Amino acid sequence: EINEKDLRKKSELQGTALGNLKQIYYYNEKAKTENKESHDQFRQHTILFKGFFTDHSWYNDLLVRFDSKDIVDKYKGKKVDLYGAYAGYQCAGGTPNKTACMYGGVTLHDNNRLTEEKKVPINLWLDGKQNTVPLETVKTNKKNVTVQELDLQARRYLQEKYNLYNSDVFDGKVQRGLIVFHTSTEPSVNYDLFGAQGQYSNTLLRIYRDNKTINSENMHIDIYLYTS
């Protein structure tokens, strides 16, 4: 859905934007658990996992937020697996004290586990030159996987290897970047790595609120990074 000349420059990011992006993709807290269920709803298009956290320094409950009633209805009252980044700062006003919020991150549990862990191949280009990416960098045990699960893993590696969301003074050389989740069937999801209004940490991950899921079978990821 995006061409390279239309990629947003890192220099456009205002204020706390880079710091927020680095936190959400490299210093995050993730819910990663299997075979859970809830049909408790707070309001809106949400599933509330009461007492999800037993040893968190602030949270007791996890609130999952979705875009629509059709999406929440797919998962409400079903055995699901979770894989997403949560935080209190992701909640809308009036969410209960000690509740943390995640956007999407849910998949049906049943019949979704692969027998062999899927290593998702990555094609990465930096200023047009291919760079080798370890095959274990992005992996999943799910047949139907959230784009969130794959994007969190890919961007954590981009921060570690290329200092993606570091300032220019802290060796963050990449100025533009695109990630594509290239499926066998289905138009591919693509995200501009510098496309968000990063200064609003509460909505940074609202892109995942659609709970988009894709088939991992035979898929791969393409990453295009530019230093200008």
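Numbers for residues come from their place in the sequence shown, where the first is 1.
The stretch with the higher mean CA B factor, choosing between 127-135 and 95-103, is 127-135. Between 78-86 and 106-114, the higher mean Cα B-factor belongs to 106-114. The maximum CA B-factor among the listed residues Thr203, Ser57, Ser38, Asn35, taken from the PDB record, is found at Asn35. Taking the deposited Cα B-factors for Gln175, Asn28, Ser184, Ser68, the highest one is held by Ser184. Among the modelled residues of its chain, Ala196 has a C-alpha B-factor that falls in the middle third according to the deposited record. In this PDB entry, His220 carries a Cα temperature factor that places it within the middle third of its chain's modelled residues. Annotation for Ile24: CA B-factor lies in the lowest third of the chain's modelled residues. Ranked by C-alpha B-factor against the other modelled residues of its chain, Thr46 falls in the lowest third. Per the PDB record, residue ranking by Cα B-factor puts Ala17 in the middle third of the chain.
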